[PDB]
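In case you want the letters, here they are:
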Amino acid sequence: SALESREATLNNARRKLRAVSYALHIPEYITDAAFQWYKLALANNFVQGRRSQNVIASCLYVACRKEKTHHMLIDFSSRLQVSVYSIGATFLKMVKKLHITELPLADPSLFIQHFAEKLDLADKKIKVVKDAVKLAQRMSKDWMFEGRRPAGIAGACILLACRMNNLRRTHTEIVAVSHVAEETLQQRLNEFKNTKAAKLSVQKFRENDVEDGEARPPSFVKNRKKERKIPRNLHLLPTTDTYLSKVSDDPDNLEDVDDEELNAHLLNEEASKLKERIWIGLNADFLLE
Amino acid sequence: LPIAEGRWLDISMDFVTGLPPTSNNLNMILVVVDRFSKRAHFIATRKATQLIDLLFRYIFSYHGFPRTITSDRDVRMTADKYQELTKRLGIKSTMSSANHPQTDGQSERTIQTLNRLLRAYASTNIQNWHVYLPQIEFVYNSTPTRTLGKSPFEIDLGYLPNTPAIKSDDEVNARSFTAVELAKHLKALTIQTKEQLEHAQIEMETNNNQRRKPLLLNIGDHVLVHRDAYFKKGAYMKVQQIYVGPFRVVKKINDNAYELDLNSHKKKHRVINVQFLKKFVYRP
DNA sequence: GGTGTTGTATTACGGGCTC
DNA sequence: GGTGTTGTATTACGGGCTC
DNA sequence: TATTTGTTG
DNA sequence: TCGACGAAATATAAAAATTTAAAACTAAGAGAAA
DNA sequence: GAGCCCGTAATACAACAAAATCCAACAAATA
DNA sequence: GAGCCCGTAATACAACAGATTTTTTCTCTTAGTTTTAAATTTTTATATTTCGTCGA
């Protein structure tokens, strides 16, 4: 029956989703929301030809994102070769297809509470995570973190909290789970060093952090001036149809492009055999197929 | 089985597969009788689809939802679509094992009584017994039984509507007049019918267990199944050798059965009532 | 004229001891 | 969790008589 | 004379 | 060993233009089991 | 003990145990 | 009574009662179809990531 064929597909989807969730460690209601999103995807003429892990990964990610959590796409793509950015591209394609509404926010405060236990742990687990989220809350309102890989800003905030506090830990060991390049990491660290006066860095940062304006994102510095220094009127908006009409498409207009192009459109025939020598030398079996 | 609870909480389910067909709209009779009151019902099916829950819902939900269903492993009730409905709704399922229809019981005994009643009402009137089926169930309902001694109307709210004559120990006998005091009456009926069910249980146990030898293993044995509920019920029994291999038991699912690790694809069930085991014993 | 009938675990009854 | 169960002729046991 | 159709291990 | 830059990978919106899965969807085929 | 009437009232005993096709083969019935 | 051992020996209890195909849904398994979306190119300005290299 028509209803009979749905059940086997849903059972396969449930089996694969539970198989991934057994390694992702996600709660039950997240998996339930992911399965209902998979049902919605099948109701939207589910994308055929895609790999099975891509669509289930997209549904799992959107379910884990609809409630504020900590899971990252690398964790979805952590089986020895997965090419995470293809999963991200499939998710981006399914954003428009599934028509996601009530989009969730992107705030890295919940990231720190999960990154704390693996790298740079604390005896009470109250000091370093609260310090990192407290500095991140005011560094967010300075319009510096905008579309800049929330895992990276979370790791940078954790490193800043470790720097201002006392914690004997290896600097380079954080890349095991953060997976952030050192170049952008040190860029964000010395960006924080530049934007802060470092008045009481050795003891504890300033307890009244207010930066109203006064700062710009680095990309604004790069390309606002569009160079290097080291409500208009409708009449002011011309139509481009006249630009297309300027060039004549007449059949007899075959000699309007005489700017020495007529002598050099193609290769000369005297060197055709010279080309053909190395052509049959190399580009010979490339055509027989 | 454990005797009962409050009225209409345990329900027995089975049906006879085939009858001489009527005009081509009805084929076979399904029965619902509760374990407590043994109230007859007229579920006339077509030998069915996944719409079993429709007709079944329309005929038990007239009273209300039960707690457990005592039935067989039939495909209309093994029925993964229908079982999940019971798990969601809050209905258990005893699901008597392969070719062991004894557990269904009250419905089997009712269709025993129904078969005689259906023969009585359709001896000269075959092919239109669906008209007489409500008369069959109403007659079964109005006639007192033996193990309870009262009519199944009286085991329920006692409102035998026919009242040809007043019964013994003449009283008001008009439960319509009673409006709020029905709680004490139903409590009294429940108490006496519960002790009558216990009396029926102990009487059955006395007159049956005079030779029934028990078998209590519950773990770690190598029991057999002598070619019944192991092979198909539709598989023919003949003078072919009975050489079922030595199986194993891993769980004590009940006092009177043990689940087995059936060395097949799945066998679709692994519950074997003790009437097929005949425990294997090795020797060094 | 012609109409049940044995195999099988299971269990009941005497010699010999304690009385 | 989940695992027999009543309809039916047939027959056995108390009040009341003979003792 | 072949194709039926009652009943019975 | 912190700073300084180069550079592919994505989106992007189209027109396109040959091969590659690829997973829903049918449809036998066995196996249950009253 | 000994039996009898009569009136209830227990009491093992078996039926529900899916349903209905023929298989092989006697002999009746036409046409 | 009261039980026990053991050695024979009766003792009710059940199987032989034509056997097989169907009938109606269901539920894994396993091979064939269908719609559809995707592997390598131009390309264009934008930005961030991650290598990759170089320098004093």
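Residues numbered from 1 in each chain as written, not as in the entry; some residues may be left out. Chains lettered and ligands numbered in written order. Part of a larger assembly, values for the part shown. Heavy atoms only, no water. Residues with missing side-chain atoms left out of burial classes, pairs and counts.

- For chain B, the PDB entry supplies the name Transposon Ty3-G Gag-Pol polyprotein and the organism Saccharomyces cerevisiae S288C.
- Its official PDB title, as written in the record, is "Cryo-EM structure of Ty3 retrotransposon targeting a TFIIIB-bound tRNA gene".

- Looking at the PDB entry, one finds chain A named Transcription factor IIIB 70 kDa subunit, with Saccharomyces cerevisiae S288C as its source organism.

1. A look at helix α2 (residues 28-43) of chain A
All names here are of chain A.
- Over its 16 residues, α2 extends 23 Å from the first C-alpha to the last, a length consistent with the 22 Å expected when each residue adds 1.5 Å.
- When α2 is considered as a whole, its buried residues turn out to be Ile30, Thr31, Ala33, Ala34, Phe35, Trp37, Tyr38 and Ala41.
- Elements that come into contact with the buried residues of α2 comprise α1 (2-24), α3 (52-66) and α5 (84-98).
- Following α2 by one or two positions, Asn45 has its phi on the positive side, about 55 degrees. (Helix = DSSP H or I, 4+ residues; strand = E, 2+ residues; numbered from the N terminus. Expected span 1.5 Å × (residues − 1). Buried < 20%, exposed > 50% of the residue type's maximum accessible area, 1.4 Å probe, protein only. Contact = heavy atoms within 4.5 Å.)

2. Structural notes on the protein's contact with DNA strand H
- Taken together, 31 residues surround DNA strand H, and among them A:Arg148, A:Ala181, A:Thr184, A:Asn223 and B:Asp80 come closest.
- Protein-proximal atoms of DNA strand H, defined as those within 4 Å of the protein, fall in sugar or phosphate at a share of 81%.
- Within the contact set of DNA strand H, a base nitrogen lies 2.8 Å away from a side-chain nitrogen or oxygen of A:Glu183.
- A distance of 2.5 Å separates a phosphate oxygen of DNA strand H from a polar atom in the backbone of B:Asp80.
- Those elements that place two or more of their residues in the surface near DNA strand H are α9 (182-195) and α10 (218-223) of chain A together with α2 (75-78) and α3 (80-89) of chain B.
- The class makeup of the residues in the surface near DNA strand H is eight nonpolar, 10 polar and 13 charged. (Near = heavy atom within 4 Å. Polar contact = N/O pair within 3.5 Å; in protein donor to acceptor, adjacent residues only side chain to side chain. Nonpolar A, V, L, I, M, F, W, Y, C, P; charged D, E, K, R; others polar.)

3. Here's the deal with the pattern of salt bridges
- Overall, the coordinates contain 11 salt bridges over all chains when judged by the stated rule.
- Between A:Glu117 and A:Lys118 there is a salt bridge whose closest N-O contact spans 3.4 Å.
- Classification of A:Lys118 as partly exposed rests on a relative accessible area of 38%.
- Here B:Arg7 ties to B:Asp156 by a salt bridge, and the two come within 3.8 Å at their closest N and O atoms.
- By relative accessible area, B:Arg7 is classed as partly exposed at 25%.
- The network of salt bridges with common partners includes A:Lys196, A:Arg206, A:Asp209 and A:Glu211. (Salt bridge = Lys/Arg side-chain N within 4 Å of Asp/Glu carboxyl O.)

4. Some thoughts on a positive patch on the surface
Residues and elements named next belong to chain A.
- Together, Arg216, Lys222, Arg224, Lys226, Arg228 and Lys229 line one region of the surface with positive charge.
- Mapped onto the elements of the fold, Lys222 is located in helix α10.
- Residue class for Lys222 comes out partly exposed when judged on its relative accessible area of 46%. (Patch = residues over 30% accessible without salt bridge, like charges linked within 9 Å, V, L, I, M, F, W, Y side chains within 5 Å. Areas by Shrake-Rupley, 256 points an atom, 1.4 Å probe, with all protein chains shown as cover. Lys, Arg positive; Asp, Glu negative; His and termini not counted. Charge placed at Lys NZ, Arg CZ, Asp CG, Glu CD.)

5. A look at unusual backbone geometry
- Of note, the phi angle at A:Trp143 is positive, near 55 degrees, even though the residue is not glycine.
- Mapped onto the elements of the fold, A:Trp143 is located in the loop between α7 (127-140) and α8 (150-164).
- Phi angles above zero are rare outside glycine, and B:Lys268 is one such case at about 65 degrees.
- By secondary structure assignment, the location of B:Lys268 is in the loop between β7 (257-260) and β8 (271-273).

6. Considering the sheet that holds strand β5 (residues 92-93) of chain B
Residue and element names in this part refer to chain B.
- Within the open sheet, the five strands sit side by side as β3-β2-β1-β4-β5. Their pairing is mixed. Each end of this open sheet is capped by a strand with a single partner; those strands are β3 (43-45) and β5.
- In this sheet, strand β2 (residues 28-34) lies alongside strand β1 (residues 10-15) in antiparallel orientation, the contact comprising five bridges. Directly across from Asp14, in β2, lies its bridge partner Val31.
- Against the sheet, helix α1 (residues 52-60) engages β1, β2, β3 and β4 (68-71), with an angle of about 165 degrees to β3. (Pairing = 2+ DSSP bridges. Axes fitted to C-alpha atoms, helices over the stretch in contact; angles between N-to-C directions.)

7. Overview of the pairing of β4(B)
All names here are of chain B.
- The alternating pattern of β4 places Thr68 and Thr70 on one face and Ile69 and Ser71 on the opposite face, and all of these are buried.
- Of the strand pairs in this sheet, β1 and β4 are connected by four bridges, and their pairing is parallel. Bridge pairing in β4 places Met13 opposite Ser71.
- Summarising the sheet, β4 and β5 pair through two bridges and their orientation is parallel. Among the inter-strand pairings, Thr68 is bridged to a residue of β5, identified as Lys92.

8. A closer look at the packing of α2(A) against α3(A)
Residues and elements named next belong to chain A.
- Two numbers describe how α2 lies on α3: the axes approach to 8 Å, and their chain directions differ by 130 degrees. Our classification of the angle between α2 and α3 gives oblique. Crossing geometry of α2 relative to α3 is assigned as right-handed. The residues of α3 that touch α2, namely those facing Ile30, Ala33, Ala34, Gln36, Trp37 and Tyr38, are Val55, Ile56, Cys59, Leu60, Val62, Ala63, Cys64 and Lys66.
- Within the contact of α2 with α3, the residues separate by chemical class into 12 nonpolar, one polar and one charged. (Parallel < 35°, antiparallel > 145°, perpendicular 65-115°, else oblique. Left-handed = near helix turned anticlockwise from the far one by under 90°.)

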